[PDB]
Amino acid sequence: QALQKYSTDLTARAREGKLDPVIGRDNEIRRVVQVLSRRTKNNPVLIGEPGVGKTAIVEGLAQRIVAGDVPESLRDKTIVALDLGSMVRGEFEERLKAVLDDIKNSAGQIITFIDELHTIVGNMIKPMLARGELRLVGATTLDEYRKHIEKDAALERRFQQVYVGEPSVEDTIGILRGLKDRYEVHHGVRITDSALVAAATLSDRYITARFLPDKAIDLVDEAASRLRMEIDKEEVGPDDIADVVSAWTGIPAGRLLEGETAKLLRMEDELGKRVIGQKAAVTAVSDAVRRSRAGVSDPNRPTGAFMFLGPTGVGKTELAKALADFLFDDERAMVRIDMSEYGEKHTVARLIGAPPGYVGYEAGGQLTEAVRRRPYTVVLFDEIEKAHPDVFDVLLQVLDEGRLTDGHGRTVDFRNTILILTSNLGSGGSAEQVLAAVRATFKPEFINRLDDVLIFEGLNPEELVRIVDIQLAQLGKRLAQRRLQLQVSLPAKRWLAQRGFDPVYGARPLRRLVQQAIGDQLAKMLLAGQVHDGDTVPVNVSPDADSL
Amino acid sequence: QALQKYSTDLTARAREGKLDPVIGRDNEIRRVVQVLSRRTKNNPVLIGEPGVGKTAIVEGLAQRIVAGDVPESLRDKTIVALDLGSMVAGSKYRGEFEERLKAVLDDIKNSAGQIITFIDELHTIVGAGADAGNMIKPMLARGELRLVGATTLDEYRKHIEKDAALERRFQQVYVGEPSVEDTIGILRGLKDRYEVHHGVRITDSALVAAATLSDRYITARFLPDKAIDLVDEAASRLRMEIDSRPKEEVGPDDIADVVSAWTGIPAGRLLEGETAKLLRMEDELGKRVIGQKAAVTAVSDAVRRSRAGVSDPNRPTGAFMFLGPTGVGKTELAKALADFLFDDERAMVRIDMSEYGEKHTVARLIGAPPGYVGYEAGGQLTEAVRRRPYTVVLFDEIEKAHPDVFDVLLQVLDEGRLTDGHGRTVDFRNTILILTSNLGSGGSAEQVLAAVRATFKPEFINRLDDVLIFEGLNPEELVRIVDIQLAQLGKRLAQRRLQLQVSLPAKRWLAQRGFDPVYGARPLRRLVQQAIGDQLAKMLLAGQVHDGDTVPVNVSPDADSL
Amino acid sequence: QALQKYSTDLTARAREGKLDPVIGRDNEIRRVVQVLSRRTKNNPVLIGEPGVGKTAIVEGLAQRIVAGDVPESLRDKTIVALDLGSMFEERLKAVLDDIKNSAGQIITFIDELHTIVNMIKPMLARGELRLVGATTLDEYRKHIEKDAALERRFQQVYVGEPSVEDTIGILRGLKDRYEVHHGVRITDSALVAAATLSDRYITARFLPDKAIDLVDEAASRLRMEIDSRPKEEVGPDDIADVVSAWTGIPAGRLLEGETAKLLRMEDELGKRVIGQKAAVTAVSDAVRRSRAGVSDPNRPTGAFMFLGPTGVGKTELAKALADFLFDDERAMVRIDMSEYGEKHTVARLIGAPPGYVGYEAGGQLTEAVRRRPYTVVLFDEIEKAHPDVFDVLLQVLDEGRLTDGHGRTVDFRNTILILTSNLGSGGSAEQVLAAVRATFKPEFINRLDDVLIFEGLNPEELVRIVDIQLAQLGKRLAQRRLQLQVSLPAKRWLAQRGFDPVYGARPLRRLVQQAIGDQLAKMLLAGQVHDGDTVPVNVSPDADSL
Ligand SMILES: Nc1ncnc2c1ncn2[C@@H]1O[C@H](COP(=O)(O)OP(=O)(O)OP(O)(O)=S)[C@@H](O)[C@H]1O
Ligand SMILES: Nc1ncnc2c1ncn2[C@@H]1O[C@H](COP(=O)(O)OP(=O)(O)OP(O)(O)=S)[C@@H](O)[C@H]1O
Ligand SMILES: Nc1ncnc2c1ncn2[C@@H]1O[C@H](COP(=O)(O)OP(=O)(O)OP(O)(O)=S)[C@@H](O)[C@H]1O
Ligand SMILES: Nc1ncnc2c1ncn2[C@@H]1O[C@H](COP(=O)(O)OP(=O)(O)OP(O)(O)=S)[C@@H](O)[C@H]1O
Ligand SMILES: Nc1ncnc2c1ncn2[C@@H]1O[C@H](COP(=O)(O)OP(=O)(O)O)[C@@H](O)[C@H]1O
Ligand SMILES: Nc1ncnc2c1ncn2[C@@H]1O[C@H](COP(=O)(O)OP(=O)(O)O)[C@@H](O)[C@H]1O
């Protein structure tokens, strides 16, 4: 008791009850008390993620001790904690000597407890430990333990691992409903099982950074404190927590609800807000994605394997960029891999990378290393017609079983991704020879496993005004730093169509063609004068070109 | 008062009887003595792979000194357990560890030559520098202190042999691991300590079974403690089972229970229920593999022999290669087997030999030599098998990889050996290698048994076991195949509450269309999908179908309909 | 009660009404009290940068406490502070005894507790003192980030710096304290000028304090110029003046002589770079769209890469760019990406982390851009570097900052980024297009400006190059006063002879040297061409005599 100033007790304060009961996880306690009852390789170590209940388990064991249920060997033996962030160059070993000598002259079996000892281990506790007078019960995380206790240890022969992965939704619900009254007297508002389960499921699904047993308690206590402060509604409810989750992540409370009906019914113009025209294609793709997640298709298949070809610049990619945006909440998800370099027989191994020990190994394959991470992407395939007739075997293997093999040896999974095989075939035919050319060029049976093979319909000579109109609505945001508004006039706006189409690349220059013109033609006025932040900047169609 | 707070007295500890009774190893104690009794440079160092008892010899020497069984110039020497973890620990100044080390050395050399010293794990002697662990050499190479040490092979080579002028002052005593008989002796010697600690009893048959199993199934650690740990584990488990629960001694099958409770190997003596399952195998496997009566008996007999106790302990549990016409159920038989003895279809290690048409692609299942790109990662197959040493290896369609990959299996088989990049070795002694093919393609048994000979080599066909040939799909049993497929579909339709009322003519037309003689039952799952699943999907999201309805099917004159 | 001297009070000052002006951040105060009235992860800390007003945050918290908008457990809570000017370990026990023995009613506020973290850890383990603090992000991340013992009792609360509309009233509340020393008038124009000028350009300090120091130095400058040799009030002029004298980046209304040069950049730069009309147009449109305030606020004010055939001007253009903005060539940061042939050379431009041999040396890029953050960086031969520095540049683009070994963050939102290479060198347009798309990933080229292409030299373009080289040689051998006399036939002869359209202009320098300097240096050491002389040259049948 001489230097008990860097150490807290667990049984003394247990004699008062300032701890929390840890109902659940009764296997781990039995495993630990069994390990601690051996003769060699005793003093186990708790291995698990941060925020899972390791301290909870050791406290539950402490409470079972103070009650008295364990074998009388372990009975009548106290526990003492330690905090290492208080010890830490030097004199850390001096205080280590002090505490170890204290334990040693205590002359008993007073168990210790050392949290995150991966900062402690070194050679100073092994001569103490391989003698049988002290019992240390530590804790750390999996990969960290694999670091400090495997390379420089040579001590792992005297440490026994114990695994505590994570509780489930149903278990953390029981945990919450056990730990409810304490807060109903801390603040005291009211609690609803609907609120508890909503917190559990929503945290599990959307707060993908922290973990369950502490993550749920954090949100619940935060909502309770907010609703106690709000009195500056005497209950907490599902909305009373969804508001907090929305404030936390950024996604509003609306979309944080039922994710099947109210989502698969949003396959409407919500796409057409980014894509223009091609409503037939949007409808076909929406039906394909709706029926795919019904729950009757085979569980090993891409979530969609359709392709679309024809004229460029119509927004072929734009459909996919909007599609990934709506589904996976990001448009920086699709990955475009051109099928141009893959015109050689040998280069098919570029998108995998076969051997360990050859040129391209560490970089991985172009396709897999960009899929095994972020398994939610939307892969694109430009000019699928120019790829050698050997990658199509790879594609077959993809859309015949939702998995593939890289070179490292890993297995990449494709059962919740979307394939899109763009092209440029069909330059002359409307709907009669384009399908015949697609049948003849590709293997006519490989196409069978594909979904709808729709062709994008051309842009109406009128329906360029809508695309350029979204373009103008966008570029209106550009000069929001000086609030200089812009003009609109059908002659000027339609003047962009016949002079910016150039029907070989569709509408790719239609952004630069107008942005450089208007921006850099007004950029001198923006420094000289002639405008302030209420002026329509009336631009007109001069006899030849677009001056102001 | 110098070596009083940096050292204990191992001799006095042994006098207090609190040490373990070493049994055997008289050769090494005699060698250590006849080295420690030299004139100059008398410092033995016990060397050997970790776990084999490199300290136990020093405790034995201490016990022998205390008892008085040593030569004339070795009596009453009081060997000392020195330590450096508590000398270099608290010192933050210039030249402070030196005063402590010099005080210890001075206290040694003042007394007569009767303070024989013992530093354990002396690979911690070269550091402490910043000229440390190096001022000791002038006293080492003159016979002033004795310094019995103990270090592992790896640490020795890595830490000392880089300091040659210091290694000269040492002598090596290669402490090799003991054999099974010596292990049984040691275990029988130590039995009483655990029998007293845990209030249970331990049987000699249990000790023998422990010393025999711990050598055949845990091939990563070493014997004299690898065995003892099992006895301790089983004693503790029996203690816990006795207590806390309102024929009280360990048995020779509780050890098998432990050594199967980890490493996954089902090693045992056929406890009840297991024998019922094994006897009930050919039929229990038939519910997933209709057809192929000849093959199932062979694999079943292999498993039976392997688990009954009559099989060569150093060779795989079977190396079958079955081949036949396309779409007959080869891969499916393998998967059904793995599902039988694991109930986990994704717990086997299949590798697709269709990818290895190139020569150099073999490196994925071996690794890379030292000094190349992927070296510390290992080999795919070797890594997958080093853990889970009970899987069912598969070689999908081994006819593509050109005849060089046949020169690794050539010794994987018949020994269960393989060596990856780091130079390790793995054991395939309790796996079931299975490698399909498609040689033949229509030809009779004597037109495909020529393809095998002209494709492989005698050194290869001689390795593997019976070359099972698969028959063709009988035109009748396809009704049961369609039955299986509809059962799997109904199993997929369980999140909802749907059932099916499949009619006999519909089932007949199904088994009739999509079994073309060249491809077997392969175009059946896709047909079932495109004729039931999509038709239902177009019919469920648009009303007119709801969960609970026992959906019937019809045999309309056109393609099948509801 | 025995803490009144070692620690000041915020309960007496609350009633006595004297308080620094507080405005806004009421939602932050509400968040503070909401997290204070919790059971776990209570008593937060403040994260930010120097010049937020976090002491002001807790002061407004105290004023609202004494006014009364609190929950039931906050009967004025008598919040206090712990003076770090109270600095052995024996006094601290009794100093903390009053806080411990309290009912959690004299909770303290440890301003800048970053380094305090032995004694207070167990004293906090029981949940009796709040010790709400105020620190910064760097100190949070280097001090209290990895320790899992204390991250269970601290829930950070981020703060927003730029609040121009309220900084107006802040100045209104602080203008008085500077009109007494400086007998000057800082008009409302000066208030809203300090508010809306130094934010985007002087992003080295922060708005609430850099704006205070701006008006402070402006009032000092005005009281200075009041005397004999230099206006009677601060307006929109002295503010911009002080904007210029900070970090070198110029930013005002207009320097009344810079608007002409900027309109004339293309023409002025054509006398040092020759040809490349598209290139000069694009490189000119890039800086004018920035100096006027049109460009986007979170981006380097210039970043693009060009390539093509050799000997065309890919480096000369960037060198002229460094010339026309700083008036000297040495004011360019140039690092050649050729030596970065291995992976582990990333720390050469980043600095090795604490604990290794070269630790105080610092990087080669981040250290040169941290101080004086306006120069132009030249990444010569970017194609040669290991394809991992490309990932650092990935962060650099569209984000505008990077971290080095010590853990500090530097800014890149006002510099120019030049990268060059010669990918392909034989492909006309499509080969090189696919090559640049394939060597760098499309997610890195996405962010860039136009990737330019240089076209190559032609006959009409080489006579001007010859004239430039001859003027340069004159400038060189002017210090022996041997000014040249060259004939137009010889000029055209050189421009014709050195023309080959595969190497560009370097053969022209080679020919100039080997043709003139040979004979000139032969004569100059044998006499007869002594100083103060004018040598003629004339086209001989093959050579050109002197
Ligand atoms: N089964 C449980 N019963 C009671 N409380 C639990 C349970 N599981 C988790 N908790 C609580 O969840 C919180 C997590 O505490 P910790 O045990 O420290 O977390 P951890 O997962 O063990 O990792 P650390 O220690 O936070 S790094 C504590 O408030 C526990 O009381
Ligand atoms: N001949 C023996 N007689 C009695 N017990 C033995 C004998 N050999 C080994 N043991 C026991 O087996 C275990 C071996 O432990 P140690 O020899 O102390 O470990 P070690 O040999 O020092 O190996 P390292 O390098 O320290 S991991 C102990 O439990 C010993 O009691
Ligand atoms: N006797 C059988 N019992 C059950 N399913 C069978 C049987 N014979 C064939 N099948 C089915 O036939 C299909 C093809 O079986 P697989 O074994 O996967 O093909 P395969 O044997 O690998 O032939 P190849 O040469 O590899 S294409 C699967 O859907 C099996 O379920
Ligand atoms: N348009 C130009 N204007 C002025 N000097 C030029 C021009 N083009 C080439 N030169 C000269 O020719 C030489 C080429 O200079 P650099 O720009 O360094 O070469 P480069 O064009 O960058 O090609 P590389 O890839 O760097 S070798 C220098 O001596 C320049 O002065
Ligand atoms: N339906 C559309 N909706 C919105 N923008 C479009 C649409 N079609 C074309 N665009 C514009 O035209 C450009 C060309 O799109 P895209 O088809 O991806 O080019 P490419 O033909 O090179 O694939 C896009 O940058 C986009 O801004
Ligand atoms: N919102 C505000 N309005 C007026 N004056 C303020 C405001 N915030 C702070 N101040 C005053 O200006 C100074 C800002 O310095 P300080 O608060 O120490 O910066 P930091 O928050 O970085 O520590 C304070 O001394 C305070 O008296």
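- Header annotation of the entry names cryo-EM as the structure determination method and lists the resolution as 3.7 Å.

1. Section: the overall build of chain A
Okay, so step 1: Looking only at helices and strands, chain A has 19 helices and 10 strands in total.
Okay, so step 2: Relative to the globule expectation of 24 Å for 548 residues, the C-alpha radius of gyration of chain A, 33 Å, shows a markedly less compact shape.

2. Let's talk about the interface of chain C and chain A
Quoted interface sizes are often the accessible area lost when the parts come together.
Okay, so step 1: Residue-level contacts link 30 residues of chain C with 29 residues of chain A.
Okay, so step 2: Buried surface at the junction of chain C and chain A, both sides included, amounts to about 2800 Å², of which 50% is carbon and sulfur.
Okay, so step 3: At the surface where chain C touches chain A, the tally comes to 5 salt bridges.
Okay, so step 4: Put simply, chain C and chain A have 7 residue pairs in polar contact between them.
Okay, so step 5: Every element with two or more residues in the side of chain C that touches chain A is listed here: α2 (26-36), α5 (120-125), α13 (277-291) and α17 (430-439) of chain C.
Okay, so step 6: For the side of chain C that touches chain A, the element with the highest residue contribution is α2 of chain C, accounting for 5 residues.
Okay, so step 7: Taken together, the residues of the side of chain C that touches chain A break down into 10 nonpolar, 6 polar and 14 charged.

3. Some points on the site of ligand 3
Residue and element names in this part refer to chain B.
Okay, so step 1: Surrounding ligand 3, one finds 16 residues, the nearest of these being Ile290, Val328, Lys330, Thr331 and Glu332.
Okay, so step 2: Between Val328 and ligand 3, the recorded distance is 2.8 Å, taken from a backbone N or O atom to a nitrogen atom.
Okay, so step 3: Within the side chain of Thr331, a nitrogen or oxygen atom sits 2.8 Å from an oxygen atom of ligand 3.
Okay, so step 4: Per-class residue counts for the shell around ligand 3 are 5 nonpolar, 6 polar and 5 charged.

4. Observations concerning the site of ligand 1
Okay, so step 1: Residues in close proximity to ligand 1 total 15 residues, the closest being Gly51, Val52, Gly53 and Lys54 of chain A together with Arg152 of chain C.
Okay, so step 2: Each of chains A and C places residues next to ligand 1.
Okay, so step 3: The contact in question runs from an oxygen atom of ligand 1 to an N or O atom on the side chain of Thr55 of chain A, over 2.5 Å.
Okay, so step 4: When isolated, ligand 1 has an accessible area of 630 Å², and the protein chains bury 85% of it.
Okay, so step 5: When residues of the shell around ligand 1 are traced back to their parent elements, those giving at least two are α2 (54-67) and α9 (212-229) of chain A.
Okay, so step 6: With 3 residues, the single largest contributor to the shell around ligand 1 is α2 of chain A.
Okay, so step 7: When the residues that make up the shell around ligand 1 are grouped by side-chain class, the tally is 8 nonpolar, 3 polar and 4 charged.

5. A short note on a nonpolar patch on the surface
Okay, so step 1: A grouping of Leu84, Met87, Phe88, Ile116 and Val117 of chain C is seen on the molecular surface, where their side chains present a nonpolar patch of about 520 Å² in accessible area.
Okay, so step 2: For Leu84 of chain C, a relative accessible area of 36% puts it in the partly exposed group.

6. Here we look at the packing of aromatic side chains
Residues and elements named next belong to chain A.
Okay, so step 1: Inspection of the entire model under this criterion finds 14 aromatic pairs over all chains.
Okay, so step 2: Aromatic pair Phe328 and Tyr376: ring centres 5.6 Å apart, planes at 15 degrees, arrangement stacked. Remark: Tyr376 occurs in the loop between β6 (335-338) and β7 (378-382) and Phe328 occurs in helix α13 (residues 316-328); sequence separation between them is 48 residues.
Okay, so step 3: The exposure class assigned to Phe328 is partly exposed, which follows from its relative accessible area of 22%.
Okay, so step 4: The partly exposed category is assigned to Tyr376, whose relative accessible area is 44%.
Okay, so step 5: Among the aromatic side chains, those forming a connected cluster through ring pairs are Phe392, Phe442 and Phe446.
Okay, so step 6: The cationic tip of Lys5 hangs over the ring face of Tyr6; the distance from NZ or CZ to the ring centre is 5.1 Å.
Okay, so step 7: Lying over the aromatic face of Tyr342, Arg350 brings its terminal NZ or CZ to 5.7 Å of the ring centre.

7. Brief notes about the sheet that holds β7 of chain A
Residue and element names in this part refer to chain A.
Okay, so step 1: Strands sit in the order β5-β10-β7-β6 across an open sheet of 4 strands; the sheet is parallel. Each end of this open sheet is capped by a strand with a single partner; those strands are β5 (305-306) and β6.
Okay, so step 2: Pairing geometry for β5 and strand β10 (residues 418-420), over 2 bridges, is parallel. Along β10, the bridge assignment pairs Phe306 with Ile420.
Okay, so step 3: Relative to the sheet, α13 contacts β7 and β10, its axis offset from that of β7 by approximately 170 degrees.

8. Comments concerning the sheet that holds strand β10 (residues 452-453) of chain C
Okay, so step 1: The 5 strands lie next to each other as β5-β6-β9-β4-β10 (chain C), forming an open sheet whose pairing is parallel. If you trace the sheet from one side to the other, it starts and ends with β5 (333-336) and β10 of chain C, each paired once.

9. Some points on the UniProt feature "binding site: ATP 1" in chain A
All names here are of chain A.
Okay, so step 1: Sequence positions flagged by UniProt for "binding site: ATP 1" are, in local numbering, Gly48, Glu49, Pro50, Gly51, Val52, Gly53, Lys54 and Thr55.
Okay, so step 2: Relative to the helices and strands, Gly48 resides in strand β1 (residues 44-48).
Okay, so step 3: Discounting residues that sit within four places of it in the chain, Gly48 has contacts with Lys54, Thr140, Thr141, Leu142 and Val164.
Okay, so step 4: Topologically, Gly53 is positioned in the loop between β1 and α2.

10. Section: the interface of chain A and chain B
Okay, so step 1: Contact residues are listed per partner, giving 41 residues for chain A and 45 residues for chain B.
Okay, so step 2: Together, the buried faces of chain A and chain B total about 4000 Å²; carbon and sulfur atoms form 49% of this surface.
Okay, so step 3: Considering only the surface of chain A that becomes buried against chain B, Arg38, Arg39 and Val296 of chain A emerge as the three largest contributors, covering 18% of it.
Okay, so step 4: Linking chain A to chain B there are 8 salt bridges.
Okay, so step 5: Where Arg39 of chain A meets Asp20 of chain B, a salt bridge forms, and the shortest distance between an N and an O atom there is 3.0 Å.
Okay, so step 6: Linking chain A with chain B are 18 residue pairs in polar contact, by the criterion used here.

11. Section: the nonpolar core
Okay, so step 1: In terms of nonpolar packing, the biggest core is built from 32 residues, with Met353, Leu381, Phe395 and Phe428 of chain B touching the most fellow members.
Okay, so step 2: Secondary-structure elements contributing two or more residues to this core are α16 (380-386), α17 (409-412), β14 (433-435) and α18 (445-455) of chain B.
Okay, so step 3: Dropping the residues within four chain positions of it, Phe395 of chain B is found in contact with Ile351, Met353, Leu409, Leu433, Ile434, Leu435 and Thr436 of chain B.
Okay, so step 4: Formed by 31 residues, the second largest nonpolar core is a distinct cluster that contains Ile350, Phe390, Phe412 and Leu419 of chain C.

12. With respect to a negative patch on the surface
Residues and elements named next belong to chain A.
Okay, so step 1: Side chains of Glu49, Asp143, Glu166 and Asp204 sit close together on the surface and give a patch of like negative charge.
Okay, so step 2: Position of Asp204 among the secondary structure elements: in helix α8 (residues 193-206).
Okay, so step 3: On the basis of relative accessibility, which here comes to 38%, the residue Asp204 falls in the partly exposed class.

13. Some points on the UniProt feature "binding site: ATP 1" in chain C
Residue and element names in this part refer to chain C.
Okay, so step 1: In this numbering, the UniProt entry assigns the feature "binding site: ATP 1" to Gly48, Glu49, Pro50, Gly51, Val52, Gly53, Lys54 and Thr55.
Okay, so step 2: Tracing the backbone shows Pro50 in the loop between α2 and α3 (54-67).
Okay, so step 3: Non-local contacts of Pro50, meaning those with residues more than four positions away in its chain, are made with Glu161, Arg205, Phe206 and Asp209.
Okay, so step 4: Relative to the elements of secondary structure, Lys54 occurs in helix α3.
Okay, so step 5: Residue classification places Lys54 among the buried residues on the basis of a relative accessible area of 7%.
Okay, so step 6: Contact partners of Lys54, with chain neighbours within four places excluded, come to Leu46, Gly48, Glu49, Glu112, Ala134 and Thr135.
Okay, so step 7: There is a polar contact of 3.2 Å between the side chain of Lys54 and the backbone oxygen of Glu49.

14. A short note on unusual backbone geometry
Okay, so step 1: A positive phi angle, near 60 degrees, is found at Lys41 of chain B, a position not held by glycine.
Okay, so step 2: Its place among the elements puts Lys41 of chain B in the loop between α2 (26-36) and β2 (44-47).
Okay, so step 3: Here the phi dihedral of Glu112 of chain C falls at roughly 65 degrees; this positive angle occurs in a residue that is not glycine.
Okay, so step 4: Take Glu112 of chain C: it is sitting in the loop between β2 (108-111) and α5.
Okay, so step 5: Judged by relative accessible area, which is 24%, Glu112 of chain C ranks as partly exposed.

15. Some thoughts on the pattern of salt bridges
Okay, so step 1: Summed over all chains, the structure comprises 75 salt bridges over all chains.
Okay, so step 2: Note that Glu401 of chain A and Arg403 of chain A form a salt bridge whose closest N and O atoms lie 2.4 Å from each other.
Okay, so step 3: A salt bridge links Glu128 of chain C to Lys100 of chain C; the nearest nitrogen and oxygen atoms lie 2.3 Å apart.
Okay, so step 4: On the basis of relative accessible area, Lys100 of chain C is assigned to the partly exposed category, the value being 31%.

16. Re the UniProt feature "binding site: ATP 2" in chain A
All names here are of chain A.
Okay, so step 1: Summarizing the sequence annotation, UniProt attributes the feature "binding site: ATP 2" to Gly310, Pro311, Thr312, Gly313, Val314, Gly315, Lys316 and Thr317 in the numbering used throughout.
Okay, so step 2: Tracing the backbone through its elements, the reader meets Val314 in the loop between β5 and α13.
Okay, so step 3: With residues up to four places along the chain from it excluded, the contact list for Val314 reads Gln278, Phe456 and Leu459.
Okay, so step 4: Tracing the chain through its elements places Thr317 in helix α13.

The rules behind the values
- Residue labels here follow a simple count from 1 along each chain's written sequence instead of the entry's numbering, which may differ, and residues missing coordinates are not shown.
- A letter from A marks each chain and a number from 1 marks each ligand, given out in the order of writing.
- Consider the displayed chains a part of a larger assembly; each reported value belongs to this part rather than to the entire assembly.
- Excluding hydrogens and water, the side-chain values take into account all heavy atoms of the structure.
- Residues with missing side-chain atoms are left out of burial classes, side-chain pairs and their counts.
- A helix here means a DSSP run of H or I that spans at least four residues, while a strand means a run of E at least two residues long, and both kinds are numbered starting from the N terminus.
- Only C-alpha atoms enter the radius of gyration; for comparison, a globular chain is expected to reach 2.2 Å times N to the power 0.38, where N is the number of residues.
- Whether two residues are in contact is decided by their heavy atoms, any of which lying within 4.5 Å being enough.
- Throughout, the accessible surface (probe 1.4 Å) given up by two parts as they are put together, summed over both, is called the buried area.
- The salt bridge definition used is simple: a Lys or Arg side-chain nitrogen within 4 Å of an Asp or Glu carboxyl oxygen.
- Here a polar contact is taken to be a pair of N or O atoms separated by no more than 3.5 Å, where protein atoms must pair a possible hydrogen donor with a possible acceptor and residues adjacent in sequence count only if both atoms sit in side chains.
- Under the scheme applied here, ten amino acids are nonpolar (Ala, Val, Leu, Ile, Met, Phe, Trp, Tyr, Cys and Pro), four are charged (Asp, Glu, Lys and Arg), and all others, including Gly, are polar.
- For each residue, the test is whether any non-hydrogen atom lies within 4 Å of the molecule or strand; if one does, the residue is near.
- Shrake-Rupley sampling with a 1.4 Å probe provides the accessible areas, and residues are treated as covered by the protein chains on show and by no other component.
- Patches here are clusters of residues that have more than 30% relative accessible area and form no salt bridge, with a 9 Å joining cutoff for like charges and a 5 Å cutoff for nonpolar side chains (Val, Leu, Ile, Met, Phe, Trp, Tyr).
- The cut-offs for exposure are 20% and 50% of the maximum accessible area for each residue type, with area from a 1.4 Å probe on protein chains only; residues under the lower value are buried, those over the upper are exposed, and the others partly exposed.
- A pair of aromatic rings is counted whenever rings of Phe, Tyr or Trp (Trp by its six-membered ring) have centres within 6.5 Å, and the orientation is called stacked for planes under 30 degrees apart, edge-to-face for over 60 and tilted otherwise.
- Charges are assigned to positions over rings by a cutoff of 6 Å between ring centre and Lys NZ or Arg CZ, combined with an angular limit of 35 degrees from the ring normal.
- Being paired, for any two strands, means DSSP has found at least two bridges between them.
- A fitted line through C-alpha atoms serves as each axis, taken over the contacting stretch for helices, and the angle formed by two N-to-C directions is quoted from 0 to 180°.
- UniProt positions are given in the numbering used here, feature names are shortened, and annotations may be inferred rather than shown by experiment.
- The term nonpolar core refers to a set of buried residues drawn from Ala, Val, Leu, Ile, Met, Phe, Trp, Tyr and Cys, joined through side-chain atoms within 4.5 Å.
- Only four residue types enter the tally: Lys and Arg on the positive side, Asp and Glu on the negative side; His and the chain ends are excluded.
- Where a charge sits is defined by one atom per residue type, namely NZ (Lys), CZ (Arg), CG (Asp) or CD (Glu).

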